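J.: Everything below, folded, please.
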Amino acid sequence: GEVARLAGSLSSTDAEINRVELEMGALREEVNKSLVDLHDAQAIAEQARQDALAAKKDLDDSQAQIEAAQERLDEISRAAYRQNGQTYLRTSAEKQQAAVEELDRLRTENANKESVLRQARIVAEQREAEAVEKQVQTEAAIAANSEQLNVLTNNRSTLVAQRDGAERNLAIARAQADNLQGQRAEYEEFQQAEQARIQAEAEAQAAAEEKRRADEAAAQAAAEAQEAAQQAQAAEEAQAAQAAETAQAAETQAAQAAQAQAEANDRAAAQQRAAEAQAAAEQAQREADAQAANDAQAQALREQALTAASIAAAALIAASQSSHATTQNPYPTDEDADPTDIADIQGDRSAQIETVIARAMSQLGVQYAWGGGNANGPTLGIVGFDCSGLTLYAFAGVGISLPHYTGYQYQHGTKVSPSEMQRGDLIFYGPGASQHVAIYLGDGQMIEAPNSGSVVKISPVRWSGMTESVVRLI
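T.: Numbering: from 1, shown residues only. Please see the structure below:
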């Protein structure tokens with residue numbers, strides 16, 4: 001059975017599909033960026049313009065402000081002349097000087113504002129030009145990226161062509177494997193993979209226990225090494241302390257020297273014992289990580305064999321039932337032979353549910369094909385899956401054989417009230433499950449193959465048209 005060659009080439013052309021999809025993404029977003037840049041340069045330009053306008057507004061206010069004060073000086077002189085035909089003469093002379101010096105003020109303020117307008121106008125000139133440039137820039141960047149994208153999508157359509165053909169061949173392979181080797185053939189292969197699953201699972205369980213205990217051993221040897229090294233450290237202390245004190249002081253002389261010898265002896269003794277315990281901790285750590293490496297390696301083989309077992313379970317079921325896609329009788333016509341004959345399909349738990357669900361999610365994106373799907377995967381319509389076809393596919397992974405009809409799937413398992421549904425349950429719609437089926441995924445979302453034109457997708461649970469009960473198979 002050369003499934004695995006096409007399965008591999010399929011999956012590698014799907015790897016190429018996603019290369020090109022991210023590449024297209026990079027270009028598409030490139031345009032999005034310089035679109036952002038353009039709209040912000042435009043906002044900069046319009047803001048520099050409203051700054052220039054603000055400048056002319058106060059410059060004109062300064063104009064007519066100065067002219068209002070000039071005309072008050074004017075009416076002051078007019079009053080003076082008419083009043084030329086004593087305390088008040090003094091204070092009105094002082095008022096006129098106040099007005100003249102105020103006008104001096106407003107004068108130099110207006111010159112400053114004239115320079116402010118010169119610069120606000122130049123700033124708007126500049127950043128308007130900046131926006132003209134960046135505008136044409138991104139129109140041209142769009143031209144380039146639209147053309148390059150059109151290239152990418154030509155490549156993408158040929159890749160998906162290849163992909164549809166390869167999937168179509170994989171369906172051929174699954175059929176030849178299970179439709180060909182009759183029941184007892186897949187039965188033997190299945191019993192083999194189920195046995196290898198239980199054994200490699202037990203083996204991995206043993207490598208995990210020993211890795212845990214070797215890790216405990218690494219810990220004990222490491223701590224003992226550290227203790228012995230600390231006693232070596234205290235020897236260093238007490239030796240330099242003895243050294244300093246004898247440096248700072250006949251028979252008394254021999255007593256000092258003997259204590260120095262005893263100090264050095266204790267030091268090298270605790271030091272050698274520290275070196276020994278630390279090389280021992282190093283061995284214990286090399287063993288603890290050789291054993292952690294084997295625990296990981298054996299756990300990989302454990303779930304590898306667990307998976308190969310689940311698919312061989314799906315294959316037994318597939319070889320157990322007729323093609324639920326054609327009509328031509330796949331049985332003999334003259335009473336002159338004797339075939340295999342297919343089973344009859346018409347009217348812990350947590351780990352089990354997750355295996356089924358992985359199978360349905362693995363088909364996310366597969367196109368709809370009326371009547372498509374079996375225990376081995378998608379099939380040609382009357383390639384893809386239809387709603388009740390997908391559920392049939394998923395539960396065969398845990399050896400649950402379902403009919404390729406919603407109304408009949410509703411008769412299997414246990415009828416739970418819709419309000420207590422949980423992950424793994426079958427949600428049905430239509431009277432007596434005559435219209436549609438989906439798998440509850442938990443957390444108020446479900447996976448389904450819904451209607452013509454929709455790929456296998458995850459959608460929120462729908463309450464309109466729901467049957468009165470859900471069905472729980474595991």
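J.: in the chain, which spans are helices?
T.: With helices called from DSSP state H, the chain shows them at 3-82, 87-175, 183-248, 251-320, 349-362, 387-396, 406-409.
J.: Identify, out of these, the most deeply packed stretch.
T.: helix 387-396 (a mean of 28; mean count of other Cβ atoms under 10 Å). C-betas here are computed from N, CA, C, even on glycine.
J.: just the angle between it and helix 251-320, please?
T.: Here helix 387-396 runs at an angle of 130 degrees relative to helix 251-320 (axes from the mean of the first three to the mean of the last three Cα atoms, to 10 degrees).
J.: Which one, of the helices of the chain, ends up nearest to residue 373?
T.: helix 387-396 (3.0 Å; Cβ to Cβ).
J.: Just want the angle from the closest one to helix 349-362.
T.: Angle of helix 387-396 versus helix 349-362, following the same axes, to 10 degrees, is 130 degrees.
J.: show me the contacts for residue 203.
T.: 298, 301-302 (Cβ atoms under 8 Å, 6 or more residues apart in numbering).
J.: which one of these is nearest residue 78?
T.: Of all the contacts of residue 203, residue 78 sits closest to residue 302, with 109.6 Å by Cβ to Cβ.
J.: any idea how far that closest one lies from residue 207?
T.: Distance from residue 302 to residue 207, counting by Cβ to Cβ, to the nearest Å: 9 Å.
J.: for this structure, longest strand please?
T.: Counting residues, the longest strand in the chain under DSSP state E turns out to be strand 436-442.
J.: Strand partners (parallel or antiparallel) of that one?
T.: In the sheet, strand 436-442 lines up against strand 425-429 (antiparallel), strand 445-448 (antiparallel) (DSSP bridges).
J.: Can you show me the CA trace of that strand as CSV?
T.: Provided in CSV are the C-alpha atoms of strand 436-442 (Å, rounded to 0.1, in the frame of the first residue of the first chain):
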residue,chain,number,x,y,z
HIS,A,436,-27.7,18.3,8.8
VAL,A,437,-25.1,17.0,11.4
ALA,A,438,-22.2,18.5,13.2
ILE,A,439,-19.8,17.6,16.1
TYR,A,440,-20.0,19.8,19.2
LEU,A,441,-16.5,21.0,19.9
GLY,A,442,-17.2,22.5,23.3
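J.: Quick one: residues in contact with that strand.
T.: Residues from elsewhere that reach strand 436-442, judged by Cβ under 8 Å, 6+ apart: 356-357, 360, 387-388, 390-391, 394, 406, 409, 421-430, 446-448, 450-451, 458-459, 461, 465, 470.
J.: Flag every buried residue along that strand.
T.: Residues 436-441 are the ones in strand 436-442 that count as buried (16 or more other Cβ atoms under 10 Å).
J.: Would you map out the domains in this protein?
T.: Using automatic domain parsing, the domain parsing of the chain gives 3-180, 183-320, 349-472.
J.: Can you add distance to residue 326 and give those back as a markdown table?
T.: Shown next, in a markdown table, are those (distance: least, Cβ to Cβ, whole Å):
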| stretch | distance to residue 326 |
| --- | --- |
| domain 3-180 | 11 |
| domain 183-320 | 15 |
| domain 349-472 | 8 |
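J.: What residues does residue 251 make contact with?
T.: Counting by Cβ under 8 Å, 6+ apart, residue 251 makes contact with nothing.
J.: measure it to residue 259 for me?
T.: 13 Å.
J.: what's the answer for residue 243, then?
T.: 11 Å.
J.: Which neighbours do those two have in common?
T.: With Cβ under 8 Å, 6+ apart, residue 243 and residue 259 have no common neighbours.
J.: so residue 30 touches residue 145, yeah?
T.: Yes: Residue 30 is in contact with residue 145 according to Cβ atoms under 8 Å; the separation is 6.0 Å.
J.: From residue 4, how far out is the residue lying closest to residue 3 once chain neighbours are set aside?
T.: Leaving aside its chain neighbours, residue 3 sits nearest to residue 173 (4.6 Å; criterion: Cβ to Cβ, 6 or more residues apart in numbering). Distance, residue 173 to residue 4, by Cβ to Cβ: 9 Å.
J.: roughly how far is stretch 211-230 from the heart of the chain?
T.: Chain-centre distance of stretch 211-230: 39 Å, with Cα atoms, centre = their mean, to the nearest Å.
J.: List of residues touching it?
T.: Contacts for stretch 211-230 (Cβ under 8 Å, 6+ apart): 270, 273-274, 276-278, 280-281, 283-285, 287-289, 291-292, 294-295.
J.: try it again with 7 Å
T.: Applying Cβ atoms under 7 Å, 6 or more residues apart in numbering, the contact partners of stretch 211-230 are 273-274, 277-278, 280-281, 284-285, 287-288, 291-292, 295.
J.: closest to residue 190 among these?
T.: If you rank the contacts of stretch 211-230 by distance to residue 190 using Cβ to Cβ, residue 295 comes first, at 27.9 Å.
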